[PDB]
A.B. asks: 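Below is one structure. I have some questions about it.
Here is how names work: the chains are called A, B, and so on, in the same order as the sequence lines, proteins then strands, and each is numbered from 1.
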Amino acid sequence: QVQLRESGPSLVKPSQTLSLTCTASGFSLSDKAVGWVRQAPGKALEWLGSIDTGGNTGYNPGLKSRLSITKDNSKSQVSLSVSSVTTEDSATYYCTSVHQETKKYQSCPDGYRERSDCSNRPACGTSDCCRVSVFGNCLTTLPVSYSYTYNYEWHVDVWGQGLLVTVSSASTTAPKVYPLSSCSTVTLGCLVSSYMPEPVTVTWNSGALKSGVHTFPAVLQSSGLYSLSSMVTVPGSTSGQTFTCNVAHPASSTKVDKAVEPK
Amino acid sequence: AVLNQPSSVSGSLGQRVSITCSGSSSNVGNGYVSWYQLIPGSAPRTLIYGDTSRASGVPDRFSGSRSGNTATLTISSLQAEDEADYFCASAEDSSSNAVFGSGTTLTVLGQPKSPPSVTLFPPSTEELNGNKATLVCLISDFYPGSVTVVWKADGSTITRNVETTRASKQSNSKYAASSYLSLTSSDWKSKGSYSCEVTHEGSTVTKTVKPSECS
Ligand SMILES: [K+]
């Protein structure tokens with residue numbers, strides 16, 4: 001299937017433009033469009049827009065004035081820009097492969113009959129739909145044109161993995177990593193304090209220690225920075241061992257392996 | 001527009017559960033509704049398109065239907081892993097303009113209740129060397145997924161500089177949360193004890209740390 005990969009900044013400042021890119025690789029004759037959907041925390045999925053092979057774009061009408069979607073064939077990339085962002089634009093942004101089709105129909109409204117279905121000609125001039133009389137025959141007078149109706153089809157065929165974008169005035173900040181210890185089973189931890197943006201990764205003993213590990217989702221403090229903790233419970237039998245918390249925060253180029261000891 | 005879905009729906013295992021999605025002639029009545037399943041930590045998954053067609057890999061117990069301006073997603077035999085948010089969608093006025101439903105949270109009944117485990121960690125020496133003190137209250141293995149946390153010091157409730165996360169689902173289907181009390185090293189030393197009291201379904205589990213007796 002089509003391979004979608006979002007790229008762009010995970011952190012932008014309010015009032016700036018958020019620019020994301022998707023590389024969409026697959027069948028070169030694919031007639032799917034490439035679109036963008038987002039979901040802000042606690043909210044519904046929200047359509048942003050799409051572009052197709054013909055270069056035709058469509059947008060969420062409510063958001064259109066802030067959006068620009070373009071493509072660059074030479075890079076196999078579709079770009080999205082969201083202008084003048086606020087914290088309301090913090091969301092996971094998903095690139096998507098989208099089915100888009102329109103089917104158009106014509107019919108004669110009630111009380112009228114398609115002119116070709118009338119008998120005698122000229123049934124009602126050359127109009128589309130002749131009036132039907134009470135007796136149920138065509139009349140020549142006051143004919144109407146077809147009523148045209150369109151059926152629109154949209155669905156997401158393939159979802160990208162999404163990119164979380166946070167809009168914040170907080171600047172990129174490296175965490176301070178602290179070992180946690182309590183005052184037959186010993187519980188150890190690490191506090192990854194005051195970083196920006198998400199995410200951080202935490203493993204124990206360079207990945208060797210997985211069982212009994214609980215890494216908690218981050219809290220956002222009033223400072224505007226995140227903190228998270230990880231803890232591990234191990235048998236008191238192993239208390240003589242050396243334990244380390246491996247913390248990485250790619251955004252600030254931080255990589256720390258913190259030794260954690262029972263007090 | 002936003003399609004009208006019930007905020008929540010519940011069912012027991014093996015039961016039939018249905019989620020409605022009501023709109024207008026200009027969206028749902030257009031006759032090509034799609035449905036998506038969203039589970040935290042995963043990208044959305046397409047379930048149904050064109051009112052009734054199942055996407056690839058989607059089990060037979062999922063089916064969609066539509067009657068005029070109301071679409072319905074039916075799960076014929078509810079399974080534990082069907083717990084998720086479900087969103088309907090439809091094009092409106094154009095094939096490149098899509099409106100979503102408000103979303104429905106589907107709970108599968110019968111999960112055993114479980115009290116939280118609580119571990120309270122005091123400030124580390126290294127943090128205190130920086131004149132800061134964070135107390136970390138880690139709360140795990142609870143169900144249903146809501147707790148309230150109260151912090152105390154020498155019998156007084158603390159509200160300032162407390163931040164508590166929402167409850168998040170663990171890999172074992174129970175819930176976790178954490179609460180942070182951010183103090184100065186001076187404030188930390190100025191109290192006889194601090195407590196994190198976690199209340200869950202009417203029951204409270206309390207942990208306590210005492211600065212003068214902490215390492
Ligand atoms: K193409």
A.B. asks: I'd like to know if the side chain of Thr57(A) reaches the main chain of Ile69(A), judged simply by a donor and an acceptor atom lying under 3.5 Å from each other, with no hydrogens or angles considered.
C.D. replies: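 No; judged by distance alone, with no hydrogens or angles, the pair does not exist.
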A.B. asks: Keeping the roles fixed (side chain from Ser168(A), backbone from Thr166(A)), state whether a donor-acceptor pair exists under 3.5 Å.
C.D. replies: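 Pair absent, no side-chain N/O of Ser168(A) close to backbone of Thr166(A).
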A.B. asks: With a 3.5 Å distance limit and no angle check, can you tell me whether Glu201(B) reaches the backbone of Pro115(B) through a side-chain donor-acceptor pair?
C.D. replies: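 Looks like no, no N/O pair under 3.5 Å.
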A.B. asks: Filter on ring-ring contact (aromatic ring centres under 6.0 Å, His included), then keep only pairs touching residues 84-108 of chain B, sequence neighbours left out; what's left?
C.D. replies: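 Listed once each, the pairs are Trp154(A)-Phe100(B).
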A.B. asks: For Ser182(B) and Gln221(A), does a side-chain donor sit closer than 3.5 Å to a side-chain acceptor?
C.D. replies: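 Present: a donor and an acceptor within the cut-off.
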A.B. asks: Tell me if the NZ atom of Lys176(A) is crowded by more than 12 foreign heavy atoms within 6.0 Å.
C.D. replies: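 No - once you tally the heavy atoms of other residues, nucleotides and ligands closer than 6.0 Å, there are 12 at most.
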A.B. asks: Do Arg66(B) and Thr72(B) have side-chain N/O donor and acceptor atoms under 3.5 Å apart?
C.D. replies: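 The answer is no; no qualifying pair exists.
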A.B. asks: Is there any disulfide bond (SG atoms under 2.5 Å apart) pair reaching into residues 3-106 of chain B, and which pairs are they, with sequence neighbours excluded?
C.D. replies: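 Pairs touching residues 3-106 of chain B that pass the test: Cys21(B)-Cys88(B).
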A.B. asks: Looking at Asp89(A) and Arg66(A), is there a salt bridge between them, counting it only when a charged N and a carboxylate O are closer than 4.0 Å?
C.D. replies: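 Salt bridge: yes.
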A.B. asks: Just by modelled atom types, is the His155(A) backbone N or O under 3.5 Å from a matching donor or acceptor in the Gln100(A) side chain?
C.D. replies: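 Pair absent, no side-chain N/O of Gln100(A) close to backbone of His155(A).
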A.B. asks: Among side-chain atoms of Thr21(A) and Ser7(A), is any donor-acceptor pair under 3.5 angstrom?
C.D. replies: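 On atom types as modelled, these side chains qualify, holding a pair under 3.5 Å.
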A.B. asks: Check the side chains of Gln79(B) and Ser77(B) for a donor-acceptor pair under 3.5 angstrom, ignoring hydrogens and angles.
C.D. replies: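 Checked: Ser77(B)/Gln79(B) side chains pair up, N/O donor to acceptor below 3.5 Å.
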A.B. asks: Is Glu88(A) salt-bridged to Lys43(A), going by a charged N under 4.0 Å from an acidic O?
C.D. replies: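 Yes, charged N to carboxylate O under 4.0 Å.
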A.B. asks: If only atom types and distance count, is the side chain of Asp128(A) paired as donor or acceptor with the main-chain N or O of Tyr146(A) below 3.5 Å?
C.D. replies: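 Yes, the answer is positive, given that a donor and an acceptor are paired below the 3.5 Å cut-off.
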A.B. asks: For the backbone of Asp60(B) and the side chain of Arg54(B), can you confirm whether one donor and one acceptor N or O come within less than 3.5 Å of each other?
C.D. replies: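 Checked: pair present.
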A.B. asks: Give a yes/no verdict on a cation-pi contact between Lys103(A) and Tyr150(A), requiring under 6.0 Å between NZ or CZ and the six-membered ring centre and an angle within 45° of the axis.
C.D. replies: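 No, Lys103(A) and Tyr150(A) do not form such a contact.
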A.B. asks: I'd like to know if the side chain of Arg45(B) reaches the main chain of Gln37(B), judged simply by a donor and an acceptor atom lying under 3.5 Å from each other, with no hydrogens or angles considered.
C.D. replies: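 Absent.
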A.B. asks: Give a yes or no answer on whether the side chain of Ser114(B) reaches the backbone of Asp141(B) with a donor-acceptor pair at less than 3.5 Å.
C.D. replies: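 Side chain of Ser114(B) to backbone of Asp141(B): a pair is present.
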